[PDB]
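Below: the structure, in structure tokens.
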Number of protein chains: 2
Amino acid sequence: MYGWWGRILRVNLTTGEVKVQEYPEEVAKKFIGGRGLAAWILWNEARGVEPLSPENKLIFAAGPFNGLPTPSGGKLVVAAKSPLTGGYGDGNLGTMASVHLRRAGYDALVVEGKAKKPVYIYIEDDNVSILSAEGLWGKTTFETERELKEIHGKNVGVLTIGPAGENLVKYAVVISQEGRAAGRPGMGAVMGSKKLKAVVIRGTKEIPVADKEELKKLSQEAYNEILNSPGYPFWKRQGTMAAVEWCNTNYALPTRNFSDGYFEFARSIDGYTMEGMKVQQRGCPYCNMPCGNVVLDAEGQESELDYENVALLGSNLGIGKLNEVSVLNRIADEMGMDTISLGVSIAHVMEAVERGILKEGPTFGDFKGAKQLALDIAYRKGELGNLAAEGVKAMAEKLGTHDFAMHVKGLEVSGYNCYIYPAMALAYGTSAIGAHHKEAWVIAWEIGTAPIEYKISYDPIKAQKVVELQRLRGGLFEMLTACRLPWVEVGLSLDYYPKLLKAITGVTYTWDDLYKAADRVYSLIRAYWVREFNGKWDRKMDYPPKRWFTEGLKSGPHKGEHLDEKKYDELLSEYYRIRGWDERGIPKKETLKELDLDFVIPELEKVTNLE
Amino acid sequence: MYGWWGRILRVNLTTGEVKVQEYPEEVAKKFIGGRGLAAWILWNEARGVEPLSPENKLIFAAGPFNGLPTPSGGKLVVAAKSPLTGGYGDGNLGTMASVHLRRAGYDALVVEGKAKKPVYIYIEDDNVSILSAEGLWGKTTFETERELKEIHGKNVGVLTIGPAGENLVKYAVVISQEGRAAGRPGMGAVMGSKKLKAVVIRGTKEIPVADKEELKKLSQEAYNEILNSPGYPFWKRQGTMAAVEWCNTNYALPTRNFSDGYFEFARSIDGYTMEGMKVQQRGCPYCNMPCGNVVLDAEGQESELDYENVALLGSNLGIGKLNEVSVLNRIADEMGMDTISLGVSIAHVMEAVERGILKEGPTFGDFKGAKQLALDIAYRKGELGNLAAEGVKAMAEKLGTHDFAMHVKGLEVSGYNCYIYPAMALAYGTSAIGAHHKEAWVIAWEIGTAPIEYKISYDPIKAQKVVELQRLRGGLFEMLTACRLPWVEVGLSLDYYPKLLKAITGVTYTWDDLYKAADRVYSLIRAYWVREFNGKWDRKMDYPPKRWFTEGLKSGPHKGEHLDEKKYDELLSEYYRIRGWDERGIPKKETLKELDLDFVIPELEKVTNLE
Ligand SMILES: O=C(O)CCCC(=O)O
Ligand SMILES: O=C(O)CCCC(=O)O
Ligand code: SF4
Ligand code: SF4
Ligand SMILES: [Ca+2]
Ligand SMILES: [Ca+2]
């Protein structure tokens, strides 16, 4: 076997037992890795279990691409049954943990059970131990990693959670190298429910590559393509921050709980501003186009800014000062909590206050008030903090504010307001893990322009794009697993991947073979949601926030415009027609059979009638 | 006598003698104050003196508006025969030292001679002493003021010099309240040559006011007008920083030693960027539209930004990040040196390195190298820091680089590139104190738009608008002396100034009275220049830098466009005709008499032939 190790390190914090699981090569080829392997493991190992119970599984899934020097391939997936959604949840992050874990002889690491007290996992090649972390508990992500490296050395990849993860804040994430995060659906709160404070990994093994010479050839070639791309220079200057002005220009910038798509103070939180405030630039391993743009916040503190962070914690909260937003950014990072859901849950809170629905809390534009709630959310201090820490879906059920509850399947919506963007809306509506732009960033194609540089329509070809995009973004790249920005941003050729995959694993994959795996992973994940939801499922699960229907843009040429329920629904059907799912959103026996997923049928058959 | 005290404080550092000179009421009425009063003094007392010798007079001249609550009337002028230009030089700065000086019973303070050791002047009403400052010498202006306040309390006005003054950097200035500055022509280098480290003032006296009730009402009315003007909200947001975009939009932004009028990275150093980097806002005494905007620099240090600082230290140096320009900004402030002349002297070096004339030194964009040269200049470290500390005119004489020496009369050009702006060019060419935009910021009128929100022409009416602007900017406002911005930026009616003066001094000044007074100040100063230049003088002293005539814009639709000498010469002649000067730029006998300057004629007649 080449590329894959075919080994999965298993760590039980309840029994303290550490073993290595050897899975079949066919399963490697079948799911390639990352989200694929993760999906495979959760179907089998996380059946009907509570997301915060010790029976849940936390998976750090890598891919054949990881551990080896491949263009921006130092990513990693973190999965487990989500405490936020209740279905499948996963995330990605660039970190040396990815390089060191695969070089330590593992394709993934699964963690079950829960420690009786705070602990951290230590992994150095074949030496794996569960050590006491009693002294780290309570510390920020930054400090935790720093102290651990002060002990073991700089040559280790470190994964940690902050108080937010510790206090089981619903959308807690996992952090690495101060800035890289993973797991919006609550991978951090799962890690936290297990009293697992961190993970330190060190690898030195030589990974078996089928064709060594071709890997160096392809990689070296892919880098140069990236370096000479016309988009390199600008990317290097603004990274994802360049979407701020772009989204404002297109009325897609979420402002005050997605109320409007235009923020009057975009310019003071935009990319050029970020540029004149940049003091450092970091990146994930093996990437020659770093986009970890670090600035100094309002308190002179370093803060790594990303578009999604600035949009949900900036324009979305009515705060138009980068130095200030950056302060909220840094807090989410050290507390270990998703910028998007945090910024969305606080925005939700801000509107309920202006509506007089909530007696107290910060309102739009209140920076100091927002900073306070964020910290209270992290430490779950106060009734409000404890509520906003549960996400907008849950918080809304309690308050009775589903009107402006911006989520899908439980997960809070990203930074693209789709009042007049059907394909993007459908992308949020169908995301495999809940509202997120990860899998289908169709908005750029839907408009015709891109940040690196209009008529509404529900043409059923839009659904086709989403599906095609999902296959690559929420599929191929979430399985290799590698960064998709070299392609999405500077236009690196997608041909390098099938060729690199063959140079590594020695297996030849046709783009059609890959689409199948991606479509396979999507039907298995959907299957998971259904099984876990106990057959309680219908096409509405795939619906965008009601607000994109009953309300409209509040300014500009498209003032008053929005999405239409009928045409959206008709577009959902096209999506289901292309995926092979029934009108309920569930795969059909022919599709499950067709995708090598027969074992799923009897199981879904036990919860509902299949088609 | 009302308004004026008719009293001037005299301190002789050499002999230590301290007295109070009484000056006539026609002298006050005649010259009103500030710059008016300073010119009368310099003409009489700084005859033939070495700008850096003990005989030179350091004047701190206030006016009828100072010491009283007048709209943004907390200004003060600093004058002396200039060390950089060799002619009449002066500056203006907002400082509590303006209020306290007048509340102590003085209209102005005149330091002469030279202390035998570091000393500072202490003033508290009638108690005036020359104290030892031996423990202060060497410390930054910021630190000097903080330390003195820790001793005498916060309720005082402090004026200081930094090591640039101490070391006699030719464009050394006087600083106050970290940020406020005065004296581009080297007032700080004169303060330093006297071994004078600071001046602490405190006043408690009540100033005689002709009409107490009117002054109140007029002031209350002026502030509200400011508060309600449409441009107020935006002025509060960007201050003078709004001039970067607007200047870039008009090809007026000095870029790489005035090489171009456009900067490709202007955005990351603009008012919107600044806006999102703002942590504090300060202002001068008695102003309800504060504009001292404080940002955090690349090093986390507070920096007070003003358009001119960012233009000559940013885009002019080819440095496109605002946090890095702010760093250079802070250095200027704490070292006590004019941001403008420092930036121009540096850009000149940068262009000199690039062209290979200089074998060592920084280049455009080299922030680290510019910061080092800036510190090397303040401390006069090395042949380079030493040459640069002399200004571009002197530096150019040494390097033989007259071609890209951006100065007029020895004083370096401001933040407005005039390849295609004949009025502004005439403004710099005729500025009383040498190149500056203080007296005539005509560029806005010439374009038809202003920052608070094209065909080249040499219409002789342009020479009229300059003279008109000078009467107000380089006259009325430097004599009162009050801030011009409330009128210039938000548009406060200029009609409050003649009424307020009247309500304070009791005298009725009509606009023609003011135009005559300002004109007197202009002919007197020119007189000073000619006399001190020993009759060696001609129209070329009023010419803009050669670069704008033999080179043109390098980009945009005006690419290649430049200024026509012949047509400019004609514009200058219209200027001399209007002012009543000969084709040599020297006042005409009939003109002097006309302005009550007969006493100038016998004196000038000793060096040249009058007309
Ligand atoms: O700006 C974003 O959040 C998305 C960047 C492009 C991508 O998702 O691939
Ligand atoms: O932007 C500047 O430097 C000038 C502001 C307007 C004025 O000079 O009055
Ligand atoms: S482009 Fe950005 S997210 Fe992608 S690998 Fe490079 S630094 Fe990481
Ligand atoms: S407008 Fe600015 S410079 Fe003028 S008095 Fe006010 S704070 Fe000072
Ligand atoms: Ca980040
Ligand atoms: Ca200043």
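Ligands are numbered from 1 in the order shown, residues from 1 within each chain, and chains are lettered A, B, ... in the order they appear in the structure tokens.
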Cα RMSD of chain B after least-squares fit onto chain A, all atoms paired in order: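 After least-squares fitting, the two copies differ by 0.2 Å C-alpha RMSD.
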Test item: residues lying within 8 Å of ligand 2 with only C-alpha atoms and all ligand atoms, as an NGL selection string: :B and (240-243 or 306-308 or 414-415 or 437-441 or 473 or 484-485 or 488-489)
Chain A contacts on chain B, only C-alpha atoms, 6 Å, as a ChimeraX atom specification: /B:267-268,272-273,276-277,300,321-323
Atom-to-atom span, atom CA of residue 294 of chain A and atom CA of residue 222 of chain A, Å: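 If I compute the distance from atom CA of residue 294 of chain A to atom CA of residue 222 of chain A, I get 26.1 Å.
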Within-8 Å residues of ligand 6, basis only C-alpha atoms and all ligand atoms, as a PyMOL selection string: chain B and resi 178-181+292+304-306+309+333
Computed interatomic separation between atom CA of residue 545 of chain B and atom CA of residue 448 of chain B (Å): 24.5 Å
Excluding segment 342-355 of chain B and residues on its chain fewer than 5 positions from it, collect all residues at most 8 Å away from it, counting only C-alpha atoms, and give them as a short mmCIF file (atom, residue, chain, number, x, y, z; two decimals) with N, CA and C atoms, in the first residue's frame.
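Saved to around.cif:
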```cif
data_model
loop_
_atom_site.label_atom_id
_atom_site.label_comp_id
_atom_site.auth_asym_id
_atom_site.auth_seq_id
_atom_site.Cartn_x
_atom_site.Cartn_y
_atom_site.Cartn_z
N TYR B 171 15.49 71.67 10.48
CA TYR B 171 14.03 71.74 10.42
C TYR B 171 13.42 71.24 11.72
N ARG B 256 7.15 59.43 -4.01
CA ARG B 256 8.56 59.21 -4.29
C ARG B 256 9.19 60.54 -4.67
N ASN B 257 9.51 61.34 -3.66
CA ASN B 257 10.10 62.66 -3.86
C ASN B 257 9.42 63.47 -4.94
N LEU B 312 4.16 63.13 3.33
CA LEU B 312 5.59 63.26 3.10
C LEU B 312 6.41 62.12 3.69
N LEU B 313 5.84 61.41 4.66
CA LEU B 313 6.51 60.29 5.32
C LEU B 313 5.99 58.94 4.84
N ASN B 316 5.22 59.77 -0.19
CA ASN B 316 6.39 60.50 -0.70
C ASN B 316 7.66 59.66 -0.57
N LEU B 317 7.66 58.78 0.42
CA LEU B 317 8.80 57.91 0.67
C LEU B 317 8.57 56.58 -0.02
N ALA B 332 9.29 61.63 14.61
CA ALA B 332 9.40 63.04 14.30
C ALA B 332 8.97 63.84 15.52
N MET B 337 11.11 67.15 15.29
CA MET B 337 11.44 67.60 13.94
C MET B 337 10.26 67.57 12.98
N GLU B 360 25.32 54.90 -0.43
CA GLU B 360 24.66 54.27 0.71
C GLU B 360 23.46 55.08 1.14
N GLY B 361 22.46 54.40 1.68
CA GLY B 361 21.26 55.08 2.13
C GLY B 361 20.05 54.25 1.79
N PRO B 362 18.86 54.61 2.29
CA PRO B 362 17.64 53.86 2.00
C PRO B 362 17.09 54.19 0.60
N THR B 363 16.06 53.46 0.17
CA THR B 363 15.43 53.66 -1.13
C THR B 363 13.93 53.74 -0.92
N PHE B 364 13.17 54.07 -1.96
CA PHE B 364 11.73 54.17 -1.77
C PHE B 364 11.14 52.82 -1.36
N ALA B 370 14.50 54.02 6.26
CA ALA B 370 14.04 55.38 6.44
C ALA B 370 13.94 55.67 7.94
N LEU B 373 17.42 56.35 9.19
CA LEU B 373 17.94 57.65 8.78
C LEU B 373 17.28 58.77 9.57
N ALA B 374 16.01 58.57 9.91
CA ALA B 374 15.24 59.54 10.68
C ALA B 374 15.85 59.69 12.08
N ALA B 388 21.57 65.22 5.75
CA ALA B 388 20.12 65.26 5.68
C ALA B 388 19.53 66.22 6.71
N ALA B 389 20.23 66.38 7.82
CA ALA B 389 19.77 67.26 8.89
C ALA B 389 19.88 68.71 8.48
N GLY B 391 18.67 69.82 5.47
CA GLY B 391 17.61 70.17 4.55
C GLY B 391 18.05 69.90 3.12
N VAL B 392 17.09 69.76 2.22
CA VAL B 392 17.38 69.46 0.82
C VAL B 392 18.17 70.51 0.05
N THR B 401 22.67 67.84 -6.46
CA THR B 401 21.38 67.32 -6.87
C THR B 401 20.27 68.36 -6.93
N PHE B 404 16.37 67.56 -8.18
CA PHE B 404 15.24 66.97 -7.45
C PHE B 404 15.19 67.45 -6.01
N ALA B 405 15.55 68.71 -5.82
CA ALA B 405 15.54 69.36 -4.50
C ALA B 405 14.21 70.11 -4.42
N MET B 406 13.24 69.51 -3.74
CA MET B 406 11.91 70.09 -3.60
C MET B 406 11.75 71.11 -2.48
N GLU B 412 11.38 73.21 2.56
CA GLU B 412 10.84 72.11 1.77
C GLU B 412 9.36 72.17 1.46
N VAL B 413 9.02 71.73 0.25
CA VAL B 413 7.64 71.71 -0.23
C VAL B 413 6.70 70.78 0.56
#
```
Which of segment 291-502 of chain B fall in strand (DSSP E), as a VMD selection string: chain B and resid 292 to 296 302 to 305 407 to 408 411 to 412
Only N, CA, C and O atoms, please: the residues just picked out, written as a PDB file, in the first residue's frame.
```pdb
ATOM      1  N   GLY B 292      -6.952  66.003  16.216  1.00  0.00           N
ATOM      2  CA  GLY B 292      -5.701  65.305  16.459  1.00  0.00           C
ATOM      3  C   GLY B 292      -6.071  63.839  16.635  1.00  0.00           C
ATOM      4  O   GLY B 292      -6.417  63.404  17.734  1.00  0.00           O
ATOM      5  N   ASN B 293      -6.017  63.077  15.543  1.00  0.00           N
ATOM      6  CA  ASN B 293      -6.387  61.661  15.571  1.00  0.00           C
ATOM      7  C   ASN B 293      -5.224  60.756  15.932  1.00  0.00           C
ATOM      8  O   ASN B 293      -4.188  60.754  15.266  1.00  0.00           O
ATOM      9  N   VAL B 294      -5.420  59.968  16.984  1.00  0.00           N
ATOM     10  CA  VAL B 294      -4.383  59.074  17.484  1.00  0.00           C
ATOM     11  C   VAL B 294      -4.590  57.613  17.073  1.00  0.00           C
ATOM     12  O   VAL B 294      -5.639  57.009  17.334  1.00  0.00           O
ATOM     13  N   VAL B 295      -3.581  57.059  16.408  1.00  0.00           N
ATOM     14  CA  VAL B 295      -3.611  55.672  15.940  1.00  0.00           C
ATOM     15  C   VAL B 295      -2.540  54.904  16.703  1.00  0.00           C
ATOM     16  O   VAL B 295      -1.756  55.496  17.433  1.00  0.00           O
ATOM     17  N   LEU B 296      -2.511  53.585  16.544  1.00  0.00           N
ATOM     18  CA  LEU B 296      -1.468  52.774  17.170  1.00  0.00           C
ATOM     19  C   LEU B 296      -0.544  52.497  15.995  1.00  0.00           C
ATOM     20  O   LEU B 296      -1.017  52.159  14.919  1.00  0.00           O
ATOM     21  N   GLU B 302       1.292  54.966  20.411  1.00  0.00           N
ATOM     22  CA  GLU B 302       0.317  55.955  19.970  1.00  0.00           C
ATOM     23  C   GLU B 302       1.038  56.952  19.062  1.00  0.00           C
ATOM     24  O   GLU B 302       2.178  57.332  19.333  1.00  0.00           O
ATOM     25  N   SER B 303       0.377  57.356  17.977  1.00  0.00           N
ATOM     26  CA  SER B 303       0.929  58.303  17.005  1.00  0.00           C
ATOM     27  C   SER B 303      -0.211  59.219  16.587  1.00  0.00           C
ATOM     28  O   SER B 303      -1.327  58.752  16.332  1.00  0.00           O
ATOM     29  N   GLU B 304       0.062  60.519  16.533  1.00  0.00           N
ATOM     30  CA  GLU B 304      -0.946  61.512  16.155  1.00  0.00           C
ATOM     31  C   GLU B 304      -0.753  61.843  14.685  1.00  0.00           C
ATOM     32  O   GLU B 304       0.245  62.449  14.315  1.00  0.00           O
ATOM     33  N   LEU B 305      -1.712  61.460  13.851  1.00  0.00           N
ATOM     34  CA  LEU B 305      -1.589  61.687  12.420  1.00  0.00           C
ATOM     35  C   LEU B 305      -2.285  62.909  11.849  1.00  0.00           C
ATOM     36  O   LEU B 305      -3.396  63.256  12.241  1.00  0.00           O
ATOM     37  N   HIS B 407      12.215  72.323  -2.757  1.00  0.00           N
ATOM     38  CA  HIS B 407      12.128  73.418  -1.810  1.00  0.00           C
ATOM     39  C   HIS B 407      11.983  74.724  -2.575  1.00  0.00           C
ATOM     40  O   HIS B 407      12.216  74.794  -3.789  1.00  0.00           O
ATOM     41  N   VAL B 408      11.581  75.750  -1.835  1.00  0.00           N
ATOM     42  CA  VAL B 408      11.439  77.106  -2.341  1.00  0.00           C
ATOM     43  C   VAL B 408      11.971  77.953  -1.190  1.00  0.00           C
ATOM     44  O   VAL B 408      11.439  77.886  -0.076  1.00  0.00           O
ATOM     45  N   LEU B 411      13.093  76.234   2.285  1.00  0.00           N
ATOM     46  CA  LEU B 411      12.110  75.464   3.031  1.00  0.00           C
ATOM     47  C   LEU B 411      11.473  74.450   2.095  1.00  0.00           C
ATOM     48  O   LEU B 411      11.063  74.788   0.992  1.00  0.00           O
ATOM     49  N   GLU B 412      11.379  73.210   2.560  1.00  0.00           N
ATOM     50  CA  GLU B 412      10.845  72.111   1.773  1.00  0.00           C
ATOM     51  C   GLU B 412       9.363  72.166   1.461  1.00  0.00           C
ATOM     52  O   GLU B 412       8.554  72.564   2.300  1.00  0.00           O
TER      53      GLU B 412
END
```
When you look at segment 520-534 of chain A with a cut-off of 6 Å (counting only C-alpha atoms), what residues show up, excluding the ones that are within fewer than 3 positions of it in the same chain? I need them as a short mmCIF file (atom, residue, chain, number, x, y, z; two decimals) with N, CA and C atoms, in the first residue's frame.
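Result file follows (result.cif):
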```
data_model
loop_
_atom_site.label_atom_id
_atom_site.label_comp_id
_atom_site.auth_asym_id
_atom_site.auth_seq_id
_atom_site.Cartn_x
_atom_site.Cartn_y
_atom_site.Cartn_z
N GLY A 36 -13.93 12.01 4.39
CA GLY A 36 -14.38 10.72 3.91
C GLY A 36 -14.23 9.67 5.00
N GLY A 48 -26.42 6.94 17.18
CA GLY A 48 -27.37 7.38 18.19
C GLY A 48 -26.80 7.90 19.50
N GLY A 87 -26.17 16.44 13.87
CA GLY A 87 -25.88 15.61 12.72
C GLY A 87 -24.39 15.49 12.56
N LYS A 516 -17.41 10.37 -7.78
CA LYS A 516 -18.16 9.29 -7.14
C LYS A 516 -17.88 9.23 -5.64
N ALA A 517 -16.61 9.30 -5.26
CA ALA A 517 -16.24 9.27 -3.85
C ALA A 517 -16.88 10.46 -3.15
N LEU A 595 -23.73 3.94 -5.35
CA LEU A 595 -22.51 4.53 -4.78
C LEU A 595 -21.74 3.61 -3.81
N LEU A 604 -31.34 2.97 7.42
CA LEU A 604 -32.26 4.07 7.20
C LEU A 604 -33.65 3.48 7.08
N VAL A 607 -35.64 3.55 10.28
CA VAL A 607 -36.16 4.83 10.79
C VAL A 607 -37.26 5.45 9.93
#
```
Coordinates-based distance that separates atom CA of residue 499 of chain B from atom CA of residue 486 of chain B (Å, one decimal):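 Between these atoms lies a distance of 16.4 Å.
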Surrounding residues as a ChimeraX atom specification, ligand 4, max 7 Å, only C-alpha atoms and all ligand atoms: /B:72-74,94,282-285,287-292,483-486
All helix (DSSP H, G or I) positions in segment 150-219 of chain B, as a VMD selection string: chain B and resid 150 to 152 163 to 166 187 to 193 212 to 219
Shell of 8 Å around segment 451-460 of chain A, only C-alpha atoms, local chain residues under 6 positions omitted, as JSON, numbers by chain: {"A": [231, 234, 235, 240, 242, 243, 245, 246, 420, 421, 422, 423, 489, 490, 567, 568, 571, 574]}
Using the selection just defined, write its residues with C-alpha atoms as a PDB file, in the first residue's frame.
```
ATOM      1  CA  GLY A 231      -3.373  36.755  -8.676  1.00  0.00           C
ATOM      2  CA  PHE A 234      -2.857  40.787  -4.677  1.00  0.00           C
ATOM      3  CA  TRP A 235      -3.587  37.622  -2.724  1.00  0.00           C
ATOM      4  CA  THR A 240      -9.444  36.650   2.032  1.00  0.00           C
ATOM      5  CA  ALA A 242     -10.323  41.303  -0.323  1.00  0.00           C
ATOM      6  CA  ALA A 243     -13.906  39.968  -0.161  1.00  0.00           C
ATOM      7  CA  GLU A 245     -15.142  45.491  -0.497  1.00  0.00           C
ATOM      8  CA  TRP A 246     -16.276  42.863  -3.012  1.00  0.00           C
ATOM      9  CA  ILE A 420     -30.778  38.025  -4.135  1.00  0.00           C
ATOM     10  CA  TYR A 421     -28.360  35.076  -4.525  1.00  0.00           C
ATOM     11  CA  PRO A 422     -30.224  31.784  -5.161  1.00  0.00           C
ATOM     12  CA  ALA A 423     -27.224  29.521  -5.853  1.00  0.00           C
ATOM     13  CA  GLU A 489      -7.837  32.131  -5.658  1.00  0.00           C
ATOM     14  CA  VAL A 490      -4.798  32.117  -7.938  1.00  0.00           C
ATOM     15  CA  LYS A 567     -38.488  29.112  -7.304  1.00  0.00           C
ATOM     16  CA  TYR A 568     -36.055  28.161  -4.544  1.00  0.00           C
ATOM     17  CA  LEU A 571     -34.289  24.626  -7.535  1.00  0.00           C
ATOM     18  CA  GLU A 574     -33.083  20.004  -9.351  1.00  0.00           C
TER      19      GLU A 574
END
```
Which of A:99, A:58, A:444, A:11 sits closest to ligand 1 [using only C-alpha atoms and all ligand atoms]: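 Distance minimum relative to ligand 1 lands on A:444.
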Who sits within 6 Å of segment 114-122 of chain B, only C-alpha atoms, same chain under 2 positions skipped, as a ChimeraX atom specification: /B:13-14,54,128-134,194-200
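Comparing A:57, A:462, A:10, A:589 by their smallest distance to residue 40 of chain A, the closest is A:57 (using only C-alpha atoms).
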Residue with smallest distance to ligand 5 - pool A:201, A:84, A:174, A:514, counting only C-alpha atoms and all ligand atoms: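 Among the listed residues, A:174 lies closest to ligand 5.
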Within 9 Å of residue 164 of chain A using only C-alpha atoms, minus same-chain residues under 4 positions, as number ranges by chain: A: 168-173, 188-189, 192, 332, 334-337, 375, 377-380, 389
Go ahead and save the residues from that selection, with N, CA and C atoms, as an mmCIF file, in the first residue's frame.
```cif
data_model
loop_
_atom_site.group_PDB
_atom_site.id
_atom_site.type_symbol
_atom_site.label_atom_id
_atom_site.label_comp_id
_atom_site.auth_asym_id
_atom_site.auth_seq_id
_atom_site.Cartn_x
_atom_site.Cartn_y
_atom_site.Cartn_z
ATOM 1 N N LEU A 168 -17.854 24.025 27.194
ATOM 2 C CA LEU A 168 -18.761 23.420 26.225
ATOM 3 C C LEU A 168 -19.649 24.404 25.476
ATOM 4 N N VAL A 169 -19.085 25.551 25.085
ATOM 5 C CA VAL A 169 -19.837 26.539 24.320
ATOM 6 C C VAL A 169 -20.123 25.808 23.005
ATOM 7 N N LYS A 170 -21.406 25.687 22.667
ATOM 8 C CA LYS A 170 -21.883 24.957 21.487
ATOM 9 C C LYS A 170 -21.076 25.010 20.189
ATOM 10 N N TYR A 171 -20.535 26.176 19.847
ATOM 11 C CA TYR A 171 -19.749 26.312 18.629
ATOM 12 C C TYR A 171 -18.264 26.511 18.925
ATOM 13 N N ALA A 172 -17.754 25.769 19.905
ATOM 14 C CA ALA A 172 -16.349 25.860 20.268
ATOM 15 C C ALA A 172 -15.535 25.143 19.198
ATOM 16 N N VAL A 173 -14.365 25.677 18.870
ATOM 17 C CA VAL A 173 -13.520 25.084 17.851
ATOM 18 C C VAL A 173 -12.184 24.636 18.424
ATOM 19 N N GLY A 188 -14.831 21.603 19.194
ATOM 20 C CA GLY A 188 -14.123 22.031 20.385
ATOM 21 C C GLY A 188 -14.855 21.642 21.647
ATOM 22 N N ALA A 189 -16.179 21.749 21.610
ATOM 23 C CA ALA A 189 -17.002 21.401 22.756
ATOM 24 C C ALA A 189 -17.024 19.884 22.945
ATOM 25 N N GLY A 192 -13.836 19.175 24.480
ATOM 26 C CA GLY A 192 -13.987 19.626 25.848
ATOM 27 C C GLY A 192 -14.781 18.676 26.721
ATOM 28 N N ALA A 332 -11.998 35.357 20.363
ATOM 29 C CA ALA A 332 -12.547 34.093 19.858
ATOM 30 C C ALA A 332 -11.413 33.086 19.679
ATOM 31 N N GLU A 334 -8.335 32.933 21.303
ATOM 32 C CA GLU A 334 -7.789 32.400 22.555
ATOM 33 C C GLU A 334 -8.776 31.644 23.426
ATOM 34 N N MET A 335 -10.061 31.954 23.295
ATOM 35 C CA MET A 335 -11.086 31.267 24.066
ATOM 36 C C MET A 335 -11.406 29.969 23.341
ATOM 37 N N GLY A 336 -11.056 29.937 22.054
ATOM 38 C CA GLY A 336 -11.307 28.770 21.232
ATOM 39 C C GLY A 336 -12.762 28.654 20.818
ATOM 40 N N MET A 337 -13.270 29.652 20.101
ATOM 41 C CA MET A 337 -14.654 29.613 19.642
ATOM 42 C C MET A 337 -14.803 30.246 18.266
ATOM 43 N N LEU A 375 -16.799 37.424 25.989
ATOM 44 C CA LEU A 375 -16.067 36.822 27.107
ATOM 45 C C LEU A 375 -17.024 36.048 27.993
ATOM 46 N N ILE A 377 -19.713 34.707 26.990
ATOM 47 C CA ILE A 377 -20.099 33.536 26.233
ATOM 48 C C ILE A 377 -19.025 32.460 26.480
ATOM 49 N N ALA A 378 -17.755 32.843 26.371
ATOM 50 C CA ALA A 378 -16.654 31.906 26.570
ATOM 51 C C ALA A 378 -16.649 31.261 27.950
ATOM 52 N N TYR A 379 -16.920 32.049 28.985
ATOM 53 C CA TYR A 379 -16.931 31.535 30.354
ATOM 54 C C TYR A 379 -18.341 31.225 30.813
ATOM 55 N N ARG A 380 -19.295 31.391 29.908
ATOM 56 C CA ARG A 380 -20.686 31.143 30.237
ATOM 57 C C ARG A 380 -21.009 31.870 31.537
ATOM 58 N N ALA A 389 -24.331 31.261 24.066
ATOM 59 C CA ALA A 389 -23.310 30.221 23.926
ATOM 60 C C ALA A 389 -23.877 28.935 23.319
#
```
